There are 2 protein chains.
Amino acid sequence: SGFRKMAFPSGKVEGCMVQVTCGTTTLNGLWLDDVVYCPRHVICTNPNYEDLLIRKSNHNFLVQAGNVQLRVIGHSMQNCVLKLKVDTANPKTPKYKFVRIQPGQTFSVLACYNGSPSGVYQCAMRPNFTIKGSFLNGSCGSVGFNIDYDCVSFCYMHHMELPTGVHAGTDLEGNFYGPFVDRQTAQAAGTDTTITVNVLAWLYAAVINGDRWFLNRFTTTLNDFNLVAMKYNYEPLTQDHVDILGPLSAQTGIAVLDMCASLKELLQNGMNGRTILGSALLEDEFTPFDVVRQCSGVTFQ
Amino acid sequence: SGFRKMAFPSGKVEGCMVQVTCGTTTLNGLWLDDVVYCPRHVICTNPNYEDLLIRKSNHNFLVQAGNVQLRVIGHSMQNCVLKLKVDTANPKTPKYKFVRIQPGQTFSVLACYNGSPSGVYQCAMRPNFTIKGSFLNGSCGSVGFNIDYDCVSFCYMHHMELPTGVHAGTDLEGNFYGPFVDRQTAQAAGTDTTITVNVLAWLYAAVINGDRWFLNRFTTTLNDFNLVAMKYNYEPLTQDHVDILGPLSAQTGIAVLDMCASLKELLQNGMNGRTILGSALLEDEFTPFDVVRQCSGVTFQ
């Protein structure tokens, strides 16, 4: 029992973090097989990165894997990431994939400075393709990831902080999440919404943990819920969302649309000083998979 | 910027987790050098563990380090933990210590099933020596820890869930935190309090991140604060607590006792629907060290 913002064990990823230096810029890189991936705004000198990259040569890139120096034998650009071919394959390379996530999905972040891991936290890709992260200067290049049995699914690389303090970055092929670019502009985050299907999974997690003050006798159709959802800046609930919540509806015996009627009442009335799972807010950064994982027993390695 | 419940990178500890089996009991063990530590209620058959331990022999303990089996050549009891001497020293043994923490201090938990790590989360030792953890059957033997540069300070081993859903366990010498025992009794948690010095460190973290709606013109002496603290079930604030908050008081230019006057007002009025650092509750599971670490840039390895 208990319910915590849980992150995946981070060892498999710690073994791939390196430090990349060129010019007077230093940031973190990801070392898989004989490639080191890192953000491309590490290269020298309003930009035009194909121009600046033909100006450098391999020997400008200092790559530090611990004490050991790594010899850069080739380079290339993939969208907003740089791939530095080195002459050594990382012996600690785990089985891995590069996958792009959808807003609403969660991942773990291994925040890093100078290639040294600092901390690990869980977070979600906001509906406006930002993440509410925790990052200080030099955290560029830190990656986000999920783990599925033994396989590391890399989904995010950190690039920049936005005016409001949220963060933006790319998948591992270098394509940004959201309408952001790796140059100085006036870019800001769009207006965000609350991830409805996640709030309902969290409500199921509370029920599974003995909080029940918020359920109700009522029910509702999908249409009349979404009428109330839109009013409070909540994402729309789809029939597929109802399907994904199915297993959690079964485990507890509360029908998905009954839980919705309960969320309706919560949105309309507030909480009256009570808390759910130790929170006085409705939490939207747990998916249905996250809840099933933390209340059934699933491990990895 | 941003502020997250951050846990230490867990790789160094993942390399020490093993599975321990005897009888029909299976739980997790910690493998350092040529010893495996695990809870003693793994042994066979209201107890009397010195009795039951003279009944077993080495060959009853099945120790699995991945696929590799580990050969138990000796055993002994240290308070509520068991030490199983094996014939192999763990090559992945990090530099480490065993240290006992004080209520109010934080650590990271690597939750484990069958020796396989499942997740990592941050938490605090409640003033009543329980922790609000997240654990399912088979998580016995999971450890908590801090990391200081390269050194792993092991402070907790998980043993049992209490009636209210909180958790209890021991340090690594086998001495329990709190008045709990590893046998079936009616034991319950004492009444808890809120960790005042941590709430103030969290308020500084909000200020450092641009939340300032809650400060105030007022001030207060230590005595008149504690008069209000005790009323709301808050720990007493000591002169030493004021000292530890010093650096954070300097960085922001808010005097420690000014921040107290602000907490006084928050306790007396509530929050009026506003939030601090994304929370509608006052958070007490960040220490002054935690805040300085997450808003200055300190790494490990």
# chains A, B, ... in the order shown; residues from 1 in each chain; ligands from 1
call {"tool": "residues_around", "arguments": {"residues": "segment 22-39 of chain A", "least_positions_apart": "4", "cutoff": "6 Å", "atoms": "only C-alpha atoms", "output": "ChimeraX atom specification"}}
result
/A:16-18,60-61,81-86,88-90,93,114-115,138,140-141
call {"tool": "write_last_selection", "arguments": {"atoms": "N, CA, C and O atoms", "output": "short mmCIF file (atom, residue, chain, number, x, y, z; two decimals), in the first residue's frame"}}
result
data_model
loop_
_atom_site.label_atom_id
_atom_site.label_comp_id
_atom_site.auth_asym_id
_atom_site.auth_seq_id
_atom_site.Cartn_x
_atom_site.Cartn_y
_atom_site.Cartn_z
N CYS A 16 25.39 5.26 -19.48
CA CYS A 16 25.50 5.80 -20.82
C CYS A 16 25.76 7.29 -20.84
O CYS A 16 25.90 7.86 -21.92
N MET A 17 25.79 7.94 -19.68
CA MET A 17 25.93 9.38 -19.64
C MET A 17 27.40 9.77 -19.72
O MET A 17 28.23 9.21 -19.00
N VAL A 18 27.70 10.71 -20.59
CA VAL A 18 29.05 11.21 -20.81
C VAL A 18 28.99 12.73 -20.84
O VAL A 18 27.92 13.34 -20.83
N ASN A 60 37.70 18.95 -32.40
CA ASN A 60 37.14 19.98 -31.54
C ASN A 60 36.24 19.42 -30.43
O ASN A 60 35.99 20.13 -29.45
N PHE A 61 35.76 18.18 -30.55
CA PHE A 61 34.81 17.62 -29.58
C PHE A 61 35.55 16.80 -28.53
O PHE A 61 36.06 15.71 -28.81
N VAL A 81 19.59 17.08 -33.03
CA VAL A 81 20.65 16.44 -32.27
C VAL A 81 21.89 16.21 -33.13
O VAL A 81 21.85 16.13 -34.37
N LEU A 82 23.02 16.09 -32.44
CA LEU A 82 24.31 15.77 -33.02
C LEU A 82 24.68 14.34 -32.65
O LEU A 82 24.48 13.93 -31.51
N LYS A 83 25.22 13.61 -33.63
CA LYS A 83 25.72 12.24 -33.44
C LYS A 83 27.23 12.25 -33.66
O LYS A 83 27.70 12.52 -34.77
N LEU A 84 27.97 11.96 -32.60
CA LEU A 84 29.43 11.95 -32.63
C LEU A 84 29.89 10.50 -32.59
O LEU A 84 29.82 9.86 -31.54
N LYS A 85 30.37 10.00 -33.73
CA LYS A 85 30.86 8.63 -33.77
C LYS A 85 32.19 8.57 -33.04
O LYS A 85 33.08 9.37 -33.34
N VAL A 86 32.32 7.68 -32.06
CA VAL A 86 33.57 7.52 -31.33
C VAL A 86 34.15 6.14 -31.66
O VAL A 86 33.51 5.31 -32.30
N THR A 88 35.11 3.75 -29.62
CA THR A 88 34.82 2.73 -28.63
C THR A 88 33.31 2.55 -28.51
O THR A 88 32.57 3.54 -28.42
N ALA A 89 32.86 1.29 -28.53
CA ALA A 89 31.48 0.97 -28.20
C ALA A 89 31.32 0.85 -26.68
O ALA A 89 32.15 0.25 -26.00
N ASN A 90 30.25 1.44 -26.16
CA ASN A 90 29.98 1.47 -24.73
C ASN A 90 29.71 0.05 -24.22
O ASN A 90 28.67 -0.53 -24.56
N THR A 93 26.24 -0.62 -22.75
CA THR A 93 25.08 -0.31 -23.58
C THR A 93 23.95 -1.30 -23.31
O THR A 93 24.09 -2.49 -23.61
N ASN A 114 27.62 17.85 -16.24
CA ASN A 114 28.97 17.47 -16.67
C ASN A 114 29.10 15.95 -16.83
O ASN A 114 30.11 15.36 -16.44
N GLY A 115 28.07 15.32 -17.39
CA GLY A 115 28.02 13.88 -17.49
C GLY A 115 27.81 13.13 -16.18
O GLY A 115 27.67 11.90 -16.21
N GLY A 138 23.57 23.70 -17.37
CA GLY A 138 24.35 22.49 -17.57
C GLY A 138 23.56 21.20 -17.61
O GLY A 138 24.16 20.13 -17.80
N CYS A 140 21.41 20.54 -19.92
CA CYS A 140 21.19 20.22 -21.33
C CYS A 140 21.78 18.85 -21.65
O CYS A 140 22.86 18.50 -21.16
N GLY A 141 21.05 18.08 -22.45
CA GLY A 141 21.45 16.75 -22.81
C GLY A 141 20.95 15.64 -21.90
O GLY A 141 21.05 14.47 -22.30
#
call {"tool": "interface_residues", "arguments": {"of": "chain B", "to": "chain A", "cutoff": "6 Å", "atoms": "only C-alpha atoms", "output": "MDAnalysis selection string"}}
result
chainID B and resid 1:3 6:11 118:121 133:135 165 280 299:300
call {"tool": "closest_residue", "arguments": {"among": "B:95, B:258, B:199, B:58", "to": "residue 70 of chain B", "atoms": "only C-alpha atoms"}}
result
B:58
call {"tool": "residues_around", "arguments": {"residues": "residue 266 of chain B", "least_positions_apart": "6", "cutoff": "12 Å", "atoms": "only C-alpha atoms", "output": "number ranges by chain"}}
result
B: 199-200, 203, 213-216, 228-229, 232, 259-260, 272-276, 280-282
call {"tool": "write_last_selection", "arguments": {"atoms": "C-alpha atoms", "output": "PDB file, in the first residue's frame"}}
result
ATOM      1  CA  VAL B 199       8.159  23.416   5.567  1.00  0.00           C
ATOM      2  CA  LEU B 200      10.264  26.549   5.881  1.00  0.00           C
ATOM      3  CA  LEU B 203       8.867  27.988   1.354  1.00  0.00           C
ATOM      4  CA  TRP B 213       2.250  35.646  -2.706  1.00  0.00           C
ATOM      5  CA  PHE B 214       2.636  34.303   0.844  1.00  0.00           C
ATOM      6  CA  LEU B 215       5.498  36.349   2.376  1.00  0.00           C
ATOM      7  CA  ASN B 216       4.585  39.300   4.506  1.00  0.00           C
ATOM      8  CA  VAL B 228       1.212  28.908  17.021  1.00  0.00           C
ATOM      9  CA  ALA B 229       3.149  25.883  15.729  1.00  0.00           C
ATOM     10  CA  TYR B 232      -1.445  23.165  14.506  1.00  0.00           C
ATOM     11  CA  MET B 259       9.442  33.469   6.848  1.00  0.00           C
ATOM     12  CA  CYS B 260       8.039  32.139  10.153  1.00  0.00           C
ATOM     13  CA  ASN B 272      -7.411  30.688  -0.363  1.00  0.00           C
ATOM     14  CA  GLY B 273      -7.223  28.442  -3.412  1.00  0.00           C
ATOM     15  CA  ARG B 274      -3.674  29.400  -4.334  1.00  0.00           C
ATOM     16  CA  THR B 275      -0.862  26.876  -4.636  1.00  0.00           C
ATOM     17  CA  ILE B 276       2.832  26.869  -3.776  1.00  0.00           C
ATOM     18  CA  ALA B 280      -2.187  23.077  -2.254  1.00  0.00           C
ATOM     19  CA  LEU B 281      -0.650  21.692   0.989  1.00  0.00           C
ATOM     20  CA  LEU B 282       2.417  22.744   2.925  1.00  0.00           C
TER      21      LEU B 282
END
call {"tool": "select_by_dssp", "arguments": {"residues": "segment 22-93 of chain B", "states": "strand (DSSP E or B)", "output": "number ranges by chain"}}
result
B: 22, 25-32, 35-39, 62-65, 68-70, 72-78, 81-86
call {"tool": "write_last_selection", "arguments": {"atoms": "C-alpha atoms", "output": "PDB file, in the first residue's frame"}}
result
ATOM      1  CA  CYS B  22      14.508 -20.239   2.506  1.00  0.00           C
ATOM      2  CA  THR B  25       9.749 -17.322   1.993  1.00  0.00           C
ATOM      3  CA  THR B  26      11.301 -15.052  -0.649  1.00  0.00           C
ATOM      4  CA  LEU B  27      12.485 -11.484  -0.143  1.00  0.00           C
ATOM      5  CA  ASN B  28      15.274  -9.131  -1.129  1.00  0.00           C
ATOM      6  CA  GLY B  29      18.790  -8.953   0.222  1.00  0.00           C
ATOM      7  CA  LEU B  30      21.654  -6.496   0.057  1.00  0.00           C
ATOM      8  CA  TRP B  31      24.975  -7.898  -1.183  1.00  0.00           C
ATOM      9  CA  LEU B  32      28.039  -5.946  -0.099  1.00  0.00           C
ATOM     10  CA  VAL B  35      27.917 -10.609   3.075  1.00  0.00           C
ATOM     11  CA  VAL B  36      24.234 -10.602   2.143  1.00  0.00           C
ATOM     12  CA  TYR B  37      21.992  -8.631   4.487  1.00  0.00           C
ATOM     13  CA  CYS B  38      18.244  -9.310   4.696  1.00  0.00           C
ATOM     14  CA  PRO B  39      15.457  -9.262   7.318  1.00  0.00           C
ATOM     15  CA  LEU B  62      19.020 -19.982  -1.687  1.00  0.00           C
ATOM     16  CA  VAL B  63      20.671 -16.712  -2.792  1.00  0.00           C
ATOM     17  CA  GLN B  64      20.164 -15.616  -6.409  1.00  0.00           C
ATOM     18  CA  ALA B  65      22.307 -12.841  -7.885  1.00  0.00           C
ATOM     19  CA  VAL B  68      24.123 -16.831 -10.831  1.00  0.00           C
ATOM     20  CA  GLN B  69      23.532 -18.788  -7.633  1.00  0.00           C
ATOM     21  CA  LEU B  70      25.508 -17.698  -4.571  1.00  0.00           C
ATOM     22  CA  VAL B  72      26.146 -19.489   1.561  1.00  0.00           C
ATOM     23  CA  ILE B  73      29.137 -20.494   3.694  1.00  0.00           C
ATOM     24  CA  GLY B  74      28.050 -18.898   6.977  1.00  0.00           C
ATOM     25  CA  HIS B  75      25.252 -17.100   8.754  1.00  0.00           C
ATOM     26  CA  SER B  76      24.647 -14.969  11.834  1.00  0.00           C
ATOM     27  CA  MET B  77      22.096 -12.620  13.389  1.00  0.00           C
ATOM     28  CA  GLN B  78      22.583  -8.897  14.047  1.00  0.00           C
ATOM     29  CA  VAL B  81      18.784  -8.493  10.357  1.00  0.00           C
ATOM     30  CA  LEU B  82      20.451 -11.661   9.102  1.00  0.00           C
ATOM     31  CA  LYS B  83      23.986 -11.696   7.658  1.00  0.00           C
ATOM     32  CA  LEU B  84      24.629 -14.539   5.194  1.00  0.00           C
ATOM     33  CA  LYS B  85      28.319 -14.904   4.409  1.00  0.00           C
ATOM     34  CA  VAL B  86      28.725 -16.038   0.790  1.00  0.00           C
TER      35      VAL B  86
END
call {"tool": "closest_residue", "arguments": {"among": "B:267, B:291, B:125, B:157", "to": "residue 175 of chain B", "atoms": "only C-alpha atoms"}}
result
B:157
call {"tool": "closest_residue", "arguments": {"among": "B:197, B:42, B:230, B:181", "to": "residue 286 of chain B", "atoms": "only C-alpha atoms"}}
result
B:197
call {"tool": "select_by_dssp", "arguments": {"residues": "segment 174-294 of chain A", "states": "helix (DSSP H, G or I)", "output": "NGL selection string"}}
result
:A and (196-208 or 222-231 or 239-252 or 256-269 or 288-294)
call {"tool": "residues_around", "arguments": {"residues": "residue 235 of chain B", "least_positions_apart": "3", "cutoff": "12 Å", "atoms": "only C-alpha atoms", "output": "CSV table (one decimal) with C-alpha atoms, in the first residue's frame"}}
result
chain,number,residue,atom,x,y,z
B,103,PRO,CA,13.2,11.9,12.1
B,104,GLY,CA,12.9,14.7,9.6
B,126,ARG,CA,8.2,10.7,9.9
B,127,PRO,CA,8.6,12.2,13.5
B,128,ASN,CA,6.9,9.0,14.7
B,192,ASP,CA,2.5,12.2,13.8
B,193,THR,CA,3.6,15.8,13.6
B,194,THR,CA,4.6,18.1,10.7
B,195,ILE,CA,8.3,18.8,10.2
B,196,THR,CA,8.4,22.6,10.7
B,197,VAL,CA,12.0,23.2,9.6
B,198,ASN,CA,11.3,21.3,6.3
B,199,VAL,CA,8.2,23.4,5.6
B,200,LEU,CA,10.3,26.5,5.9
B,225,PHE,CA,5.9,31.2,16.4
B,226,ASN,CA,6.2,28.0,18.5
B,227,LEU,CA,3.0,29.0,20.3
B,228,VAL,CA,1.2,28.9,17.0
B,229,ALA,CA,3.1,25.9,15.7
B,230,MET,CA,2.1,23.6,18.7
B,231,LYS,CA,-1.5,24.6,18.0
B,232,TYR,CA,-1.4,23.2,14.5
B,238,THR,CA,14.9,25.3,17.5
B,241,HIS,CA,16.9,25.0,12.8
B,284,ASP,CA,7.4,18.9,4.8
call {"tool": "closest_residue", "arguments": {"among": "A:40, A:158, A:264, A:56", "to": "residue 183 of chain A", "atoms": "only C-alpha atoms"}}
result
A:40
call {"tool": "atom_distance", "arguments": {"atom1": "atom CA of residue 240 of chain A", "atom2": "atom CA of residue 168 of chain A"}}
result
27.9 Å
